[PDB]
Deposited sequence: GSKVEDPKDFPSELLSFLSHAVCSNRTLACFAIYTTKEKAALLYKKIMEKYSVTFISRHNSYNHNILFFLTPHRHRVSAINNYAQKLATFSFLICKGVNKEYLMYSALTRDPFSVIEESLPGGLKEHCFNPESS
């Protein structure tokens, strides 16, 4: 087994906040985790946080979840909910600073959409 990723793919890092322990609240987040755990979290996060939009993407044999929330949350709050579900699988949760650029990159090589909550993906959300 290859070592689990320690961060998001290098292509995406500019779009993220790396201050994961901040008290700052945000309304856009991304999670890097296994294919199995991302599939589960897609449904769980959709309901828990009443997402405006959520999408799940292929990323280097893992998955990335991307979502927008109608209320603001600390990144650590999302992490707390998600690590509990991911159990013994790697999981990286970060806030997204550049919402449109992040989502756009996740829809194009080397990434691709697996499923998302709005048809035609987004476009009124950006």
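- Numbered from the first deposited residue, the unresolved ranges run 1-2, 125, 130-134.
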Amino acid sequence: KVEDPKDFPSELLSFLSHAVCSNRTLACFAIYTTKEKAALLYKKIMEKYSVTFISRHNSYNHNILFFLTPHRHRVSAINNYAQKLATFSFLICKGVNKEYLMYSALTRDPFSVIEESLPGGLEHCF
From here on, numbers count along this sequence of modelled residues.
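- Just going by the entry, 85-93 versus 71-79 on mean CA temperature factor gives the higher value to 85-93.
- When 114-122 is weighed against 11-19, 114-122 comes out higher, by mean CA B-factor as recorded in the entry.
- When the C-alpha B-factors of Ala39, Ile54, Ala27, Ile31 are ranked from the entry, the top spot goes to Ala39.
- In this PDB entry, the Cα temperature factor of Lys43 sits in the middle third of its chain's modelled residues.
- When the modelled residues of the chain are ordered by C-alpha B-factor, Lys35 sits in the highest third.
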